[PDB]
Amino acid sequence: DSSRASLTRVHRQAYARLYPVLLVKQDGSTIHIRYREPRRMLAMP
Amino acid sequence: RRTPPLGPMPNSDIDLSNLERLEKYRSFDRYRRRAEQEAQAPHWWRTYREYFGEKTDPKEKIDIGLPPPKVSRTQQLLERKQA
Amino acid sequence: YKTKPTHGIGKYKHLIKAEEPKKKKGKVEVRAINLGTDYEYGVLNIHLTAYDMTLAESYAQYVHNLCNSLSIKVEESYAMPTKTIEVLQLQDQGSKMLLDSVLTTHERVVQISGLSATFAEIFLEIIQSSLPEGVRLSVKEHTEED
Amino acid sequence: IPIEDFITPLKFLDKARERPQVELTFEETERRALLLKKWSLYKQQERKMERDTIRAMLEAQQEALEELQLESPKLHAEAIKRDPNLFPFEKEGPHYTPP
Amino acid sequence: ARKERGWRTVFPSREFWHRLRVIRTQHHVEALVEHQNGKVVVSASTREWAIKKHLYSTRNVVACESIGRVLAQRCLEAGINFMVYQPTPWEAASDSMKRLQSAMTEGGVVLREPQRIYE
Amino acid sequence: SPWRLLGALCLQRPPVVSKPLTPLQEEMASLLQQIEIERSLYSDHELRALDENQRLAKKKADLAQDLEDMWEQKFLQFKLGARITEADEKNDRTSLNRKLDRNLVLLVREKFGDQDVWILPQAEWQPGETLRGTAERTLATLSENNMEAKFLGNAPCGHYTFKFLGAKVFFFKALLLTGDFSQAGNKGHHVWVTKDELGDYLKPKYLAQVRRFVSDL
RNA sequence: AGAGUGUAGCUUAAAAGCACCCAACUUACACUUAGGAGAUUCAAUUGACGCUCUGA
């Protein structure tokens, strides 16, 4: 049931590049965040 | 002075209360299609068709011709499906 | 004519209740009609917020299609402006200096009119089953001014 | 007063000559079309499955209310009525890496 | 002959001798040429087995072009080649209907029937 | 009217991790990223690569790669959290973290002097209290720990006819927030079980008619 | 163990129309455009496969 809203597209007509970044949370959980400047982890304090 | 309708009113069947719970005609074409399919209903009031030249069409006409050829619709549909 | 059996055939404004209300600033909120044996809610708000605008919008579109297909009334849906969170990055060796990275936070709001007991618990369990990744959900009360 | 963020920045108007090219291949285009067709199949199947689960368990809850009314004449009003406990309802989404 | 002038406030107009009416169902596409009085003279539908057995995606644009071409043929066989077509704005902007009327014109049917003499 | 006072409760568990990816779905991810690549415009690192290289060539006739390689180094150094916490155990069916991809339902095992049934946690509704309150009281008694199992609705779930003196069962539900389990080695055979293992465990029709309200996923 | 039976979700349809879903526009919904998967359980009106309720 989670394979439904995971599929996404950006519908804004003009937009900069987005890249799949592994966002680590405060309890060590990964989120696929579409972020420019193709980093690989953003560790939030 | 009033006279009761000589039959069901066109809009009486639909519910008047809870009109929020009734789906609305979101487009023009669905209303158009409902209107055209209602236009040929046998209304009890005066209408275009009552006056404009139908030659009193409804009456069975005598068929003088060959009987239709007996076909097996099950096998024919199966063959069309395979095609 | 008024004396004829076909009187009142062109009556339509009883069908269209819309008296063209100025529905851009009105605060005529429906309350929770609770009869005991017949419970219904008022205007409960739903807030989905995430760091990803595309996934948040996809979730909003999915719930909107689901609720429109479920045959319950949707009054209005909209979106909150973007929130930017900066990550102040302390260095490994020298912690005194302060660098930074940029990040964004998005939001969208969907509202619901009718909620029966079984129907609304069903809707809640289904939306938690289909809740997506990275999007935080919170259903709250109506009064929320920008 | 609403604050609007559905406006693209004015910096997005000038630099528009970077990637204006779409040079594709018939093979890739037909592959994309076939993929979209199978996507339509999969989404129709998923929607139908979800609808069947929803309808089955909804019929079941209707049976629950009906038989509760039949068996306990006084419990059904309280079973229908809401406690306020689900006013501040909120749930967190899934994750990828478990703690 | 006299065309049914008027009605002048409803849609569509009845001022014609033969109209081209296209019904666009979900599973099928059909088009008819009917006189003003109501009776249809020719029609091409994707339901008809003769063209159903051949064509693909009975709802497709290519399906509606095939419909237009076959009904152009059978209406020429019927001897009718003048008739009007009244679309909604989105139907007139529909590429299916544009290519449909193109198929009609290359089949040899001219729309916009002539005007009455001593109208 | 002799009716034996009995309800029941099913425990739902929210997943923590998402499902495997369909390979049509991964091909779809590739194709949509292709479309995004094609229609994207004005990328910061894109011009910090292209224009920077062009200006470096110009000054040679007279960054981005470093950042990419040290971020790749970061990716190599930070291994992610292990997805598979199930195959390593293979035996702790009683543990909470045994399965995170799906929703799990808890059941308790006890043997009666007449009945031998693997039952979902039952309950005994005293007439002086509401059914939701009885369900949560029984939940506390059977759980003997600190459960924040927040409920969903006062309406019941299921009712299967059993009579010996009529009797009924009234199934309810409650969503679990977070679980700390005291006495992980309870002899009371509680177990965290998904839908497939649920159907495998249902011996009678009474249990076989419980799989239609739980989340089939 | 008995009864009712039966065309894809629905139809006093005889292989249909509504339905259902995908892409484009629309914040979104809606409208429209361009696409998709679909059914008469078998054997000769009769018999024997599936569902339901009643049981035990």
Side-chain angles (χ1 to χ4, degrees), chain D residues 9 11-24 28 31-32 34-36 38-39 41-42 49-50 52-54 56-68 70-72 74-83 85-86 88-99, chain F residues 1 3 5 14-19 22 24-25 27-28 30-32 34-35 37-43 46-47 50 79-85 97 100-101 125 127 130-133 150-159 161 166 168 170-172 175 177 209 212-217:
Chain D
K11 71 164 47 71
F12 282 70
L13 315 172
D14 171 44
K15 195 119 192 151
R17 333 143 178 73
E18 175 150 53
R19 272 155 289 152
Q21 60 96 26
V22 177
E23 271 251 356
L24 213 49
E28 171 73 56
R31 155 205 138 158
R32 301 197 191 193
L34 262 300
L35 260 296
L36 289 178
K38 322 141 174 184
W39 185 25
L41 267 44
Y42 169 64
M49 157 255 302
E50 293 135 39
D52 296 300
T53 82
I54 296 166
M57 142 213 75
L58 177 127
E59 226 169 28
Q61 258 70 89
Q62 290 330 105
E63 274 287 318
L65 259 297
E66 175 224 14
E67 288 279 54
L68 213 166
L70 180 136
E71 205 183 20
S72 173
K74 84 291 293 171
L75 217 30
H76 154 283
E78 243 295 359
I80 277 180
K81 265 188 306 290
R82 262 82 193 243
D83 53 340
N85 78 328
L86 73 163
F89 212 170
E90 42 184 300
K91 208 169 132 145
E92 274 46 64
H95 293 337
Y96 270 156
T97 51
Chain F
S1 192
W3 168 34
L5 286 98
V16 199
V17 72
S18 173
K19 300 97 167 156
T22 280
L24 220 48
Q25 218 297 316
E27 227 286 320
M28 159 93 195
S30 82
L31 75 89
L32 60 92
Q34 294 161 226
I35 296 119
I37 278 166
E38 295 153 340
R39 67 142 169 179
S40 56
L41 273 96
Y42 179 72
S43 172
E46 268 278 34
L47 80 185
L50 302 195
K79 305 275 108 192
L80 40 60
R83 299 297 201 69
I84 312 101
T85 186
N97 268 11
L100 333 169
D101 204 346
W125 155 65
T130 177
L131 257 300
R132 197 177 208 160
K150 180 180 162 15
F151 268 76
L152 294 323
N154 309 74
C157 281
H159 36 299
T161 50
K168 258 294 178 188
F170 284 166
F171 285 84
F172 292 74
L175 203 186
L177 196 289
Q209 302 165 37
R212 80 313 173 300
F213 78 133
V214 281
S215 201
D216 284 59
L217 310 205

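Numbered from 1 within each chain, the chains take letters A, B, ... in sequence-line order. All heavy atoms count here, side chains included; hydrogens, waters and symmetry mates do not.
No side-chain donor-acceptor contact under 3.5 Å links D:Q61 to the backbone of F:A155. Side-chain atoms of D:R19 never come within 3.5 Å of backbone atoms of F:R39 as a donor-acceptor pair (strictly under, hydrogens ignored). Looking at D:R32, its side chain never comes within 3.5 Å of a backbone N or O of F:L31 through a donor-acceptor pair. Judged by distance alone, the side chain of D:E18 and the main-chain N or O of F:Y42 form a donor-acceptor pair under 3.5 Å.
Smallest separation of non-hydrogen atoms from D:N85 and F:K150: O-NZ, 3.6 Å. The two residues D:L86 and F:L152 make their nearest non-hydrogen contact at CD1-O, 3.7 Å. Nearest heavy atoms, F:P156 versus D:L65: CD-CD2, 4.4 Å. The two atoms that bring D:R82 and F:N154 nearest to each other are CA-OD1, 3.8 Å, heavy atoms only.
In this structure, F:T22 OG1 and D:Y42 OH are separated by 5.0 Å, a value rounded to the nearest 0.5 Å. Separation of atoms CG (F:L47) and NZ (D:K15) is listed at 5.5 Å; rounding is to 0.5 Å. For the atom pair SG of F:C157 and CD of D:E63, the computed distance is 14.0 Å after rounding to the nearest 0.5 Å. Distance CE/F:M28 to CG/D:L35: 8.5 Å, rounded to 0.5 Å. Taking NE2 of F:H159 as the start and CG of D:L70 as the end, the distance is 9.5 Å to the nearest 0.5 Å. Distance NE2/D:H76 to CG/F:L131: 13.0 Å, rounded to 0.5 Å.
In the displayed structure, D:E59 atom CD is contacted under 6.0 Å by at most 12 heavy atoms of other residues, nucleotides or ligands. Around CG of D:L34, the count of heavy atoms belonging to other residues, nucleotides or ligands within 6.0 Å exceeds 12.
If you measure heavy-atom distances from F:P127 to chain D, you find no contacts under 4.5 Å at all. Residue F:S43 touches chain D through both its backbone and its side chain, counting heavy-atom pairs closer than 4.5 Å. Proximity to chain D involves both the backbone and the side chain of F:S40, based on heavy atoms less than 4.5 angstrom apart. Using a 4.5 Å cut-off between heavy atoms, D:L24 touches chain F through its side chain atoms alone. In this structure, chain D has a heavy atom under 4.5 Å from the side chain of F:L100, while its backbone stays farther away.
Contacts with chain F were tallied for D:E50, D:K11, D:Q21, D:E92; D:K11 has the most, counting heavy-atom pairs under 4.5 Å. Heavy-atom pairs under 4.5 Å with chain D were tallied for F:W125, F:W3, F:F213; the largest tally goes to F:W3. Between chain F and the options D:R31, D:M49, D:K74, the largest number of non-hydrogen pairs under 4.5 Å is found for D:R31. Here D:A64 is the residue among D:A60, D:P99, D:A64 with the most heavy-atom pairs under 4.5 Å with chain F. For the set F:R83, F:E46, F:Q209, F:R212, the entry with the most heavy-atom pairs within less than 4.5 Å of chain D is F:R83. The choice from D:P98, D:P20, D:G93, D:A56 that makes the most heavy-atom pairs within less than 4.5 Å of chain F is D:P98.
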(request) Evaluate the criterion side-chain contact (heavy atoms from CB on, under 4.5 Å) for residue pair F:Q34 and D:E28; output intermediate values, then yes/no. (result) CA-CA 11 Å; F:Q34 294 161 226; D:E28 171 73 56; 3.5 Å; yes

(request) Would you sort out whether D:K91 and F:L175 count as a side-chain contact (heavy atoms from CB on, under 4.5 Å), showing the intermediate values? (result) CA-CA 10 Å; D:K91 208 169 132 145; F:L175 203 186; 3.6 Å; yes

(request) Run the numbers on F:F151 and D:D83 for side-chain contact (heavy atoms from CB on, under 4.5 Å), then give the verdict. (result) CA-CA 10 Å; F:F151 268 76; D:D83 53 340; 5.8 Å; no

(request) For the pair F:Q25 and D:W39, evaluate side-chain contact (heavy atoms from CB on, under 4.5 Å) and give the outcome as yes or no after the intermediate values. (result) CA-CA 8 Å; F:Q25 218 297 316; D:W39 185 25; over 6 Å; no

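Here the side chains of F:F170 and D:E71 are in contact, with some heavy-atom distance below 4.5 Å.
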